[PDB]
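Following: one structure in structure tokens, then a few remarks.
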Amino acid sequence: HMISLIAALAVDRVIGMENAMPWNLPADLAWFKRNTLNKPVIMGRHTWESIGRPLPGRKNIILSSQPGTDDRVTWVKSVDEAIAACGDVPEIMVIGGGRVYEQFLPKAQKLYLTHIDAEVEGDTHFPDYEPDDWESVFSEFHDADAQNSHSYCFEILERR
Ligand SMILES: NC(=O)c1ccc[n+]([C@@H]2O[C@H](COP(=O)([O-])OP(=O)(O)OC[C@H]3O[C@@H](n4cnc5c(N)ncnc54)[C@H](OP(=O)(O)O)[C@@H]3O)[C@@H](O)[C@H]2O)c1
Ligand SMILES: Nc1nc(=O)c2nc(CNc3ccc(C(=O)N[C@@H](CCC(=O)O)C(=O)O)cc3)cnc2[nH]1
């Protein structure tokens, strides 16, 4: 198979605040749906709570050391089990949050990263990643507009 991480980062690699995403960027949410639809998505229990409902058209796999509390999604207790629950698929999408990104980054072949030109009070950060290990294979910058209040750049990195 192949493991990919997808995330949106504000300044200083901030990805969250008090278990929430403090911004609204509809173009980035559309990019997220386009790149995760019809794929399995792995997330940690905190991120499941922040989303609050299953993502439709995706197999939702939740990592937690505690028993599952919702039969609409798949609960797993380890990284190995999470990967196995995905089945034989071309690409597995890991959708955070911080503690989960840390664990899957050494396994990942691709990073789908949105860089948001926004300064945000945050407590959760994307993991420190060594830039030499990665090559940029796609980059697309967008200015702010009437629907998206900050400029942003989509990037796909591939492990060298
Ligand atoms: N901007 C973005 O792209 C983005 C993406 C995702 C999330 N976020 C933000 O990230 C923040 C949450 O990230 P987080 O780091 O606090 O928590 P998280 O990584 O979402 O989930 C952490 C929890 O997942 C479970 N877990 C993780 N690894 C496990 C393992 N190997 N085995 C078993 N259980 C495991 C544990 O749950 P138990 O305690 O139940 O064992 C752990 O407490 C929120 O602010 C969210 O909004 C942002
Ligand atoms: N690039 C990126 N941006 C994000 O905002 C993001 N968020 C998470 C975790 N949080 C969330 C929060 C909401 C939705 C969500 O509502 N998505 C719906 C609607 C998409 C839309 O409205 O365009 C979905 O169907 O994917 C997804 C993930 C993980 N990876 C990300 N990756």
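Indexing begins at 1, ligand by ligand and atom by atom, following the structure's order. For the single chain, residues carry numbers from 1 onward in sequence order.
- For atom 19 (C) of ligand 2, the nearest protein heavy atom (residue, atom name, distance) is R53 NH2, 4.5 Å.
- Protein heavy atom nearest atom 15 (C) of ligand 2, with residue, atom name and distance: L55 CD2, 4.2 Å.
- At least one N or O atom of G98, backbone or side chain, sits closer than 3.5 Å to an N or O atom of ligand 1.
- In terms of polar-atom proximity, defined here as any N/O pair under 3.5 Å, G97 does make such a contact with ligand 1.
- Among all protein heavy atoms, the one lying closest to atom 25 (O) of ligand 2 is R58 NH2, 2.8 Å.
- Given atom 5 (O) of ligand 2, the protein heavy atom at minimum distance is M21 CE, 3.2 Å.
- Ring orientation note: the planes of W134 and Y129 are nearly perpendicular, at an angle over 60° on the 30°/60° scale.
- Contacts between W23 and ligand 1, counted as non-hydrogen atom pairs separated by less than 4.0 Å, involve the side chain only.
- The backbone N or O of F154 lies less than 3.5 Å from no partner atom in the side chain of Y112, so there is not a single donor-acceptor pair.
- At a 4.0 Å cut-off, not a single heavy atom of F126 sits close enough to ligand 1 to count as contact.
- Shortest contact from atom 21 (C) of ligand 2 to any protein heavy atom: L29 CB, 3.7 Å.
- Within ligand 2, the atoms closer than 4.0 Å to a non-hydrogen atom of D28 are 1 (N), 2 (C), 3 (N), 4 (C), 5 (O), numbered from 1 in the order shown.
- Remark: minimum distance from atom 11 (C) of ligand 2 to any protein heavy atom is reached at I51 CG1, 3.6 Å.
- Short contacts between ligand 2 and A8, defined as distances under 4.0 Å to a heavy atom of the residue, involve ligand atoms 1 (N), 2 (C), 3 (N), 32 (N).
- Under a 4.0 Å criterion applied to the non-hydrogen atoms of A30, ligand 2 contributes the atoms 23 (O).
- Between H46 and ligand 1, a contact under 3.5 Å exists for at least one N or O pair.
- Atoms of ligand 2 lying under 4.0 Å from at least one heavy atom of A7, given by number and element, are 1 (N), 2 (C), 32 (N).
- The nearest protein heavy atom to atom 42 (C) of ligand 1 is not closer than 4.0 Å.
- In terms of polar-atom proximity, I15 is counted as a contact of ligand 1, with an N or O under 3.5 Å from an N or O of the ligand.
- Checked against a 3.5 angstrom limit, the closest N/O atoms of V79 and ligand 1 fall outside it.
- Looking only at heavy atoms of the protein, atom 27 (C) of ligand 2 is closest to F32 CE2, 3.5 Å.
- Ranking protein heavy atoms by distance to atom 29 (C) of ligand 2, first place goes to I95 O, 3.3 Å.
- In summary, the atoms of ligand 2 found under 4.0 Å from a heavy atom of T114, numbered by their order in the structure, are 1 (N).
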